[PDB]
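Trainee: Sharing a structure with you now.
Every residue, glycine among them, receives a Cβ derived from its backbone with ideal geometry; neighbour counts consider all protein chains shown. Read-outs: derived from the displayed coordinates by stated rules, not from any lab.
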Ligand SMILES: *P(=O)(O)OCC(C)(C)[C@@H](O)C(=O)NCCC(=O)NCCNC(=O)c1ccc[nH]1
């Protein structure tokens with residue numbers, strides 16, 4: 001539950017849903033910019049919100065919905081791990 005072993009699973013879900021059954025595994029990477037390559041555009045982007053809400057118990061707010069936080073997996077990494085740090089009351 002370290003975040004990192006979860007973040008790689010996000011990529012698996014990205015290809016299966018966010019791309020679909022025509023998942024171009026070749027181009028799949030963490031440093032591959034999803035927003036920039038039109039992999040994520042609104043209709044599918046809500047899946048990132050609800051996924052992480054179900055997974056790491058944290059949903060990215062509508063104020064943090066921006067292409068600069070959603071650029072790639074590592075962009076989402078910095079956003080999702082910071083939010084778990086800000087949500088950490090412990
Ligand atoms: P869909 O996932 O519903 O995106 C809705 C969107 C964020 C475009 C809408 O609520 C909105 O606020 N539109 C006005 C422009 C805006 O706020 N842009 C911010 C950057 N946009 C995005 O990061 C983004 C994500 C998804 C679509 N645009």
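Trainee: Quick one: in the range 13-30, of everything that is within 25 Å of residue 61 (Cβ to Cβ) and in a helix (DSSP H, G or I), which residue is nearest to the ligand (Cβ to nearest atom)?
Mentor: My answer is 18.
Trainee: While we're here: So residue 64 clears everything in (1) outside any loop (DSSP other than H, G, I, E, B); (2) within 16 Å of the ligand (Cβ to nearest atom) except one condition, right? Which one?
Mentor: (1)
Trainee: Pick from the range 31-51 the residues that are surrounded by fewer than 16 Cβ atoms within 10 Å (Cβ to Cβ) and more than 12 Å from the ligand (Cβ to nearest atom): which of them is nearest to residue 10 (Cα to Cα)?
Mentor: 31
Trainee: With the requirement that a residue be touching a helix residue (DSSP H, G or I) at 6+ places or on another chain (Cβ under 9 Å) and part of a loop (DSSP other than H, G, I, E, B), what does the range 31-50 give you?
Mentor: Correct list: 31, 32, 33, 34, 35, 39, 40, 44, 45.
Trainee: Something else about it: If you take the residues of the range 70-90 that are assigned to a loop (DSSP other than H, G, I, E, B) and either in contact (Cβ under 8 Å) with a residue 12 or more places away in the chain or crowded, with 18+ Cβ neighbours inside 10 Å (or both), which of them is nearest to the ligand (Cβ to nearest atom)? If you could, list the steps in order and put the result at the bottom.
Mentor: Residues of the range 70-90 that are assigned to a loop (DSSP other than H, G, I, E, B), as a first pass: 70-72, 88-90.
When the remaining residues are screened for being either in contact (Cβ under 8 Å) with a residue 12 or more places away in the chain or crowded, with 18+ Cβ neighbours inside 10 Å (or both), the result is 70-72.
Numbers: 70: 6, 71: 10, 72: 13 Å.
By that ranking, first place goes to 70.
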